[PDB]
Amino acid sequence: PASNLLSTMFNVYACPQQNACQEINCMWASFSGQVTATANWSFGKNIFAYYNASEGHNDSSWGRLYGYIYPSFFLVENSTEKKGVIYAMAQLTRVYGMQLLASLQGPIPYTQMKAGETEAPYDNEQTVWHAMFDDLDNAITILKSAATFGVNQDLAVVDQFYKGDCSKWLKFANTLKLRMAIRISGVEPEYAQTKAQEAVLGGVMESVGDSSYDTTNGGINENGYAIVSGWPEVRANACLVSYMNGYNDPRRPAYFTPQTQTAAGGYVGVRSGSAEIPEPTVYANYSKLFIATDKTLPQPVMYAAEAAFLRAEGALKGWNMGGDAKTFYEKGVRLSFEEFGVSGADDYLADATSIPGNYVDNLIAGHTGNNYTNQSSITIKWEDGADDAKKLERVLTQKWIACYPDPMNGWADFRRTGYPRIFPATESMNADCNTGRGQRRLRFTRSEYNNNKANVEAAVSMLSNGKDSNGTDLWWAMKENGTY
């Protein structure tokens, strides 16, 4: 039954299984500034945190995401004959997984893939982004019609996200469409605008009841963060915690546990890419991710707040988003508080004085080489007269705080715009990456060089600078000279 093949594919949304969770949510994810991997895997500083991962670590994401999406996508496509809600969901789920992988490594095979064949040619990034928008539009057309009939009973049997409600999936799909549009908006401003405006007309998420969570954690009924955190190999990141400490942010107790290393209490994150080789036992009593504290908590996929912040940015760009930037900014902040059951958004949004906090690492002796001066001075209260760069940093900083824990949002927005100002490693261990800009992408995998050699070598020439490097920019990322 085709609907049953969707269940495996659905692991791309949140990656609940403990190793999927580590690979996607707790490794390179530290480049988004919210989580820190506290382990070194006997590699010392030759790890993601210092921009010089092993081949095995680098290649994990490809294997994980490809493993969930294929061959199930083609099996569904064939069984359904490219029609119906189950096919629409297979398309949406493939796009979700592959937009993540494209946002990691750049070119991927997509348009030219055929059922069971390894040697697929790569699409360049323009081609795969456009192809993914096309498939997503097809899914949207199907879901929009399906939604008019009420909850879909085929989809209900297997859908832990929305229990078959195609109206919720339609909002999810349009919000993804808008995320994608914003992501490619630097390199293709007019194509992006068109897609974003379509997405807004289609209908994006508007309330907390619209947010997507993997409610069963992939049928495991316990989340992967709690497992990784228990090892321990993941803690709260110095960067997000420091921004939130500076803001006296009331979401702190919903996001993190207080450190218990010393009697001081308070929230203290771990510097990713620390002065000393990261050791699990050293950081065991620093702030943990709240979601790790109760294994039954469902891993998040996408929050209603993100749709508001995407529209705020679109409004800053001069796009027609159904509202102005201020309105969407404040909406986003209030949705984020609401999502986590936190009070006090009014007085938070009135804060014109508080600035992002500096980071000190005083819990363990000899750690002051981890201390960091926050390069942001952005305040919370909306200022109609601020310059463009300040309005953007304000939007993207609150967006980044709101979309938590999200492995990619921070790193993607930083690579695209320079905001939020994610704390870099103390040093780079890669000759092609500097701490100013960090790691820019993951590389193509060893398995592809070995088994799909001619096509992966061709894909190298599709990269911005023709080099399969950690420091090579993706098509949509801001380049060294500020252009796209």
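Counting begins at 1, following the sequence as shown.
Of the two segments, 344-352 and 396-404, the one listed with the higher mean B-factor is 344-352 (C-alpha atoms only). When the two stretches 144-152 and 221-229 are set side by side, the higher mean Cα temperature factor goes to 144-152. Residue set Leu92, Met302, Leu335, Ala365: peak C-alpha B-factor at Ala365 (per PDB entry). Taking only the listed residues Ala458, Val35, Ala49, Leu442, the entry reports the highest CA temperature factor at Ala458. Residue-level temperature factors show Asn465 in the highest third of its chain, judged at the C-alpha atom. Ranked by C-alpha B-factor against the other modelled residues of its chain, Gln261 falls in the middle third.
Sort the modelled residues of the chain by CA B factor and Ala425 lands in the lowest third. Among the modelled residues of its chain, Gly269 has a C-alpha B-factor that falls in the lowest third, as given in the PDB entry.
Per the PDB record, residue ranking by Cα B-factor puts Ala477 in the lowest third of the chain.
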